[PDB]
J.: 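Dumping the structure here so I can ask a few things about it.
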Amino acid sequence: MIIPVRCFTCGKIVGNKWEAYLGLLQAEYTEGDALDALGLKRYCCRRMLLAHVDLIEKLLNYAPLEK
Amino acid sequence: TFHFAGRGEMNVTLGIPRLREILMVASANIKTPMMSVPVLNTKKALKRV
Amino acid sequence: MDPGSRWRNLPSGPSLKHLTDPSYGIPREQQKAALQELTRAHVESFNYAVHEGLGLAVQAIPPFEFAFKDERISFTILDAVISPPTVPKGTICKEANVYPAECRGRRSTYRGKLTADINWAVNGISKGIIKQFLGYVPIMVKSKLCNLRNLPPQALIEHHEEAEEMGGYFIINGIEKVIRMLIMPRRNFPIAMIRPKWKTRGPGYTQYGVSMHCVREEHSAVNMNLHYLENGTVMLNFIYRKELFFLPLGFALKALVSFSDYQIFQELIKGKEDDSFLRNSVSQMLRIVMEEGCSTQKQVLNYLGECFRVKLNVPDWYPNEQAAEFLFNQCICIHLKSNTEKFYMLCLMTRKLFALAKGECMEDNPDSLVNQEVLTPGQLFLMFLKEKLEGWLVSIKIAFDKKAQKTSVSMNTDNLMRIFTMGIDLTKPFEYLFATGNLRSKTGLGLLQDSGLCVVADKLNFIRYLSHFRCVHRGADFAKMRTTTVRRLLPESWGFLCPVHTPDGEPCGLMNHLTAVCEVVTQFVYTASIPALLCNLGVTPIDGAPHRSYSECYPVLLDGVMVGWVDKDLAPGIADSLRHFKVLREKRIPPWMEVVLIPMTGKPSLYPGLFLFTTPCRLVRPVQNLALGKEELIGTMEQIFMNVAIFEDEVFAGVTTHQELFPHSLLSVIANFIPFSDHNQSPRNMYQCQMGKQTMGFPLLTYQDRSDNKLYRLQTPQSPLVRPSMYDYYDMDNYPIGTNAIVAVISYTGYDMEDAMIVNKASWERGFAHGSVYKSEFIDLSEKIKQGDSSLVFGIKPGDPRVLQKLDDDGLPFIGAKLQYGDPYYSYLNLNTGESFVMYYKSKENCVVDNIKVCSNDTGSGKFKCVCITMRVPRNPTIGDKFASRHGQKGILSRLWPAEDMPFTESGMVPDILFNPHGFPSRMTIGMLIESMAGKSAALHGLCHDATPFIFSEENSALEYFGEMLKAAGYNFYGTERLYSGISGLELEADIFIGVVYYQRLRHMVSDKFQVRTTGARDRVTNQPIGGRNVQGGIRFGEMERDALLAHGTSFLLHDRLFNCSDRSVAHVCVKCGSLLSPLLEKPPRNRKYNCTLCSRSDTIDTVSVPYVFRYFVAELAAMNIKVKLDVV
RNA sequence: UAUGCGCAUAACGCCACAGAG
DNA sequence: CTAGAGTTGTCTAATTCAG
DNA sequence: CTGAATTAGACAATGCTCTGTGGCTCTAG
Ligand SMILES: [Zn+2]
Ligand SMILES: [Zn+2]
């Protein structure tokens, strides 16, 4: 839904790296290079951001007040 | 399980249907009746069998 | 490949770029057409049935005529329309249309409005037309009658529906209910079969007979059987209103046509000219009718109308000739509409019967998919609607009958047609079928099944929700029958039904699912040009001479119409020409035509003939015609005479005619979501299709708009790193159902043997697989709280100490609020009295209120008495919850193991799930090892790997590929790492296989399964505990437990379990006469003594200790005058 | 019989679907 | 305005045949 | 002029425990 605060396996803070990851991928990096530029060295950290499906932007199209 | 086992051999009823024939039904007419007699080692018996 | 092909946009590999795309979350301008074709059978069948099939069905209802005092009155239905769902009249709204979100949240039915233009006539002249309202029929969502039709995904977001929303369902009382596709026989095709139970049907009936399932434009269905009799005579079974009638064949064949007897003779011996037994048999059948004084067609019609008028119930002023025409229209080959075509099709069915009974053709297997097709929802809807329209006319006649018996003042009908209001209203009998599934018919609708026709289409996740629209059910009568032959996977369902996707247990092999490429023919076309096209080819007409012997010819059938005969040297040319025309779309041949040419082997093979099918409801699938280079839809019977190829290498010149689109097209939509499924054992793929549908996933996007009973939500789901390409074709990252887990396969803790599994405690304490379940309880003060006076409204009496700071001023909890046990749940006050009541929360689970929606009636005039509270229960993973991988490896969590005690790798990494390696040898899920190597490579390199089956051969192995990936990442080729011990500190001597496996959390939690009963409620008949954990009841100590505890020799332990802890009652017997029924207590003057009523002596009464069910037993035997005499010593 | 405080409220079957082992 | 496509496998009732 | 074996029909059985939801239980005359 929303980016997890910590990695599940080790407790590395990964929640502050989602917008940086999207800005690196829009700047035409490879996903492996974009995960290197964030310092995600263990693949436990690296699947937390690689495989994240961000359902909150789809879930906020139904935003109620529309005002 | 339906073992065909060739033509020259025989097959009988296996498993729970045969176990039900023995126990629950005690039937006068089972599906695979059979007899089994050894023959003698006499040469006259082997020329007669 | 091929332009305009529906499978040309299937991706070459899974991408992962849509998750991070800048246009993510912005709704598209158009719905993804991959998802809209999964429910296309449902929608298109309903679209036909409501627009065009309804006009054909009301043209098929005969003009209903009956008797007044003096003059015949004729009723006919000129037109019937179904209107889209709108608000009732007299309703003040800005929008007249009603949308499914209201009917889904208010728990109403999404109803259209059926109205008909009934015409009436007295004395043969039409006096006036009446537009008249009949009832409300349900509407399938996203039909041509739904109000969500033709809307873009932004407009579906505006109306609280899903973007990418397909609908094949009805909302019946707030519940999405789908009509699953039943297996019917192949329509309009003579199925020659052998059934020994037909021998017990007449005096000399054989086991041979030809069935026939005739449907007329998808609004009628009539089963009929020819039977073979040992003297070569054929009886004709036909069913009229669920009861069987047996007619000799000569009566039917002599009534249908005005032919001579010799001409009927030449049509029955037409293939087998020289078989003199058949010649004597059909001359005997023609002689049977001659012996009973029926020498013309008119005399046969007179005799048959005389014999069938009581069961048939025409008006008493029809002739007997017309009363027989009625049964030949309602009962005999109804797909034909001409009587000579009925004659020729019935002669073909008889010739196939003669070839079957003479051992010359073979039995059409009814269990093979060759001889089967599907029952679509529009067909069932339209058949039931035609039956209810006919019943409505009969109800109008009963209304005139009641007004002729009761109000017979002889008022003429001069627009006295408010008696239509006195007719039956078909809202409730129509909704009963869609609400229960039970079919209450007088015809039976040609089905062999009475129930289970509508099933709740629940939305546990999206993988389960797709499976209701792809399911093809064999029948409900077959689950009760203990035979293993309808449950076989037969090879004729290659590419049409999936081999793996079927349940386990009782519906295994019966509840089948379509493959991803398979599709149901739902289009309807005019086939008036096709027989003249065939006669432009070498097909001689059925009247003309075939210019060769009929024993060297093929019978031609076009949709159950026998067209003619083909010279067998021309018939492969005609079959190839028709396939050419079909795949090139040249001479208005439909692309869904089955051109079957069953060849003349000269051996007891299938009955030969050139069979041509264009009707709907058949299964059809795309292959590629290699001769033309274009994509062809081939059918189920057509497939068994084709040599398709799977791979490019398998194509041989002169052998293979066709080729599949892609080699994994034999599998379902759901079975194509299993990674590396050709490396797993096949029961482990059948288990994954089941438990992929039981997964706590991400069901939907509209949580506040959805009011359904339970709804399981995974909190942070992840896209799989290793998934097939069908996962991205169907955009399954809209609704992901799992999380990637660092799974290490190690025997470390003692708690993971025998299917159990270990989860890291610190991963669980971070967000791993956390969830929720949203329970929605719909509270109605009219329905439940029926005390009287009809004036209950939610509210509090102000100053009530039962609701202070715990319910709001409307007697209804706060939306942030928590609910423990015994908290006030809602309060309602009586307005005509003043007394306020409060209702308490009786569930044992602490929930948080999510939203409270308040509902009106359909008009906006309802009062504040319907409400729908939705509550969130947390449900994070505990000890005892069930997880699964994507390979059939289920497992209960045994232990939440600390992170300091978890084996850390040399990279500084613990696992978060430990897997025991003994789940591999007996189960042989090698694809889980490949998935872990592939997911580790996908994480390391930042990739997403393709796990589609059949893409790795033995030359280019999967383990070689993913080992080269891991070697390129600087890891081990074989997937193992140097783990250390978190308990010992020492490096473990073995070299432990670790990876990334995508786990699924199943909805089976121990919080819904534990129960404990100390004392409680008892059954009011037997005084034993009651059953259920929601009623807080007892568990059984049944018969086999009694047996196994007798085998221990523990007799006081049975006496405990089965007498002291169920029902230890104390009865009073008379010791003299031995009777429980005889003692009786004295009416008081104290004393309290008993008297035996029999012997009138108070001395002989003493207590024994019996079960209470023994007292119930002796009372129920006394009800049959059976005396139970006790020996009490 | 259960809950709540001797008192107040609630006191079930039959089908059909779905599921677990 | 009150109302009613199984499968064995034993037991019994019908069903034909000379004395 | 009646006991005789035979054959068709009737009938009784077909694993165990457990969890849910939903409709109907007297609508038709
Ligand atoms: Zn990490
Ligand atoms: Zn007595």
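Order of the sequence lines fixes the chain letters, A, B, ..., with proteins taken first and strands second; residue numbering starts at 1 for each chain. Computation of the quantities below employed the complete heavy-atom set of this structure, encompassing side-chain atoms and omitting hydrogens, waters and symmetry-equivalent molecules.
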J.: Taking the side chain of C/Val455 as heavy atoms from C-beta outward, which of F/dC24, D/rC17, F/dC16 is closest to it?
T.: D/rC17
J.: Within 45° of the axis and under 6.0 Å from the centre of the six-membered ring of C/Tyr465, does NZ or CZ of C/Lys459 qualify?
T.: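 The answer is yes, since C/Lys459 meets both limits relative to C/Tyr465.
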J.: Quick check: does any side chain N or O of C/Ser211 sit under 3.5 Å from a backbone N or O of C/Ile191, one acting as donor and the other as acceptor?
T.: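 Between the backbone of C/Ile191 and the side chain of C/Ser211 there is no qualifying donor-acceptor contact (under 3.5 Å).
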J.: Under 4.0 Å from OP1 or OP2 of D/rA10: is there any side-chain N or O of C/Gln787 that close?
T.: yes
J.: So C/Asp367, base contact, sugar-phosphate only, or nothing? Heavy-atom distance under 4.0 Å.
T.: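 Base contact.
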J.: From the options D/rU3, F/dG22, D/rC17, select the nucleotide whose nearest atom is closest to the side chain of C/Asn709.
T.: F/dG22
J.: Counting side-chain heavy atoms from CB outward, which of D/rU3, D/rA11, F/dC24 is closest to C/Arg1020?
T.: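 Looking only at heavy atoms from C-beta outward on C/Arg1020, the closest nucleotide is D/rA11.
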J.: Between C/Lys882 and C/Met839, just flag the one whose closest nucleotide in RNA chain D comes earlier from the 5' side.
T.: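 On the 5' side of the pair lies C/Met839.
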J.: Does D/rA20 have OP1 or OP2 sitting under 4.0 Å from an N or O in the side chain of C/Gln694?
T.: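 Checking D/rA20 against C/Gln694, no side-chain N or O comes under 4.0 Å of OP1 or OP2.
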J.: Is C/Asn438 near enough to D/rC15 that one of its side-chain N or O atoms lies under 4.0 angstrom from OP1 or OP2?
T.: no
J.: Looking across every strand, which nucleic acid part, if any, lies under 4.0 Å from C/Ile175 by heavy atom: base, sugar-phosphate, or nothing?
T.: sugar-phosphate
J.: So what does C/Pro366 touch, heavy atoms closer than 4.0 Å: a base, only the sugar-phosphate, or nothing?
T.: base
J.: Which part of the nucleic acid does C/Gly475 contact within heavy-atom distance under 4.0 Å: base, sugar-phosphate only, or nothing?
T.: nothing
J.: Touch check for C/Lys890, heavy atoms < 4.0 angstrom, all strands: base, sugar-phosphate only, or nothing?
T.: sugar-phosphate
J.: Rounded to the Å, how far apart are C/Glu506 CD and D/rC17 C1'?
T.: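 To the nearest whole Å, that distance equals 12 Å.
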J.: Between D/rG13, D/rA20, F/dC18, which nucleotide gets closest to the side-chain atoms of C/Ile1035?
T.: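 Given the options D/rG13, D/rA20, F/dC18, the side chain of C/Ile1035 is closest to F/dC18.
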J.: Does one side chain, of C/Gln1024 or C/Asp1063, offer a donor that lies under 3.5 Å from an acceptor on the other?
T.: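 A pair is found: one side chain offers a donor N or O, the other an acceptor, under 3.5 Å apart.
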J.: Excluding sequence neighbours, so at least two apart, what forms ring-ring contact (aromatic ring centres under 6.0 Å, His included) with C/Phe384?
T.: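 Only C/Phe430 meet the ring-ring contact (aromatic ring centres under 6.0 Å, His included) criterion with C/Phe384.
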J.: For C/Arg1036, report the nucleic acid contact type (base, sugar-phosphate, nothing); a contact means any heavy atom under 4.0 Å.
T.: sugar-phosphate
J.: Nearest to the side chain of C/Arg1029, heavy atoms from C-beta on, is which of D/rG19, D/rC17, F/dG20?
T.: F/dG20
J.: Tell me whether C/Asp458 is salt-bridged to C/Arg464, with the criterion being a basic N under 4.0 Å from an acidic carboxylate O.
T.: yes
J.: D/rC12, F/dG20, D/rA18: which one has an atom nearest the side-chain heavy atoms of C/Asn1030?
T.: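 Looking only at heavy atoms from C-beta outward on C/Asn1030, the closest nucleotide is F/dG20.
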J.: Return the pairing partner of D/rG13 with a 3.5 Å limit on both distances, Watson-Crick or G-U wobble; otherwise return none.
T.: F/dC24
J.: Identify the 5'-most and 3'-most nucleotides of DNA chain E with at least one atom closer than 4.0 Å to a non-hydrogen atom of chain B.
T.: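 Listing 5' to 3', DNA chain E meets chain B from E/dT8 to E/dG9.
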J.: Both C/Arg1003 and C/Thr436 contact RNA chain D. Which one's nearest nucleotide lies toward the 5' end?
T.: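 In this pair, the answer is C/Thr436.
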J.: Checking all strands, does B/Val25 fall into the base, sugar-phosphate, or nothing category for heavy-atom contacts under 4.0 angstrom?
T.: sugar-phosphate
J.: What nucleic acid atoms does C/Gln690 come within less than 4.0 Å of, heavy atoms only: base, sugar-phosphate, or nothing?
T.: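 Result for C/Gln690 = sugar-phosphate.
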J.: Return yes if some donor-acceptor pair links the side-chain N/O of C/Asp800 with the main-chain N/O of C/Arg802 below 3.5 Å, else return no.
T.: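 A pair under 3.5 Å: yes.
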J.: Can a side chain N or O of C/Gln1011 be found less than 4.0 Å away from OP1 or OP2 on F/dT19?
T.: yes
J.: Taking only the side-chain nitrogens and oxygens of C/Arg107, find out if one of them lies under 4.0 Å from OP1 or OP2 of F/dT21.
T.: no
J.: Which nucleotide, D/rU1, D/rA20, D/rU3, lies nearest any side-chain atom of C/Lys842?
T.: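 When the side chain of C/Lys842 is considered, D/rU3 is the closest of D/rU1, D/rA20, D/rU3.
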J.: Is there a donor-acceptor contact under 3.5 Å linking the side chains of C/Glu845 and C/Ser1007?
T.: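 Per modelled atom types, C/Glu845 and C/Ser1007 side chains form no pair under 3.5 Å.
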J.: Which word best sums up how the rings of C/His501 and C/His513 line up, parallel for under 30°, tilted for 30 to 60°, or perpendicular for over 60°?
T.: parallel
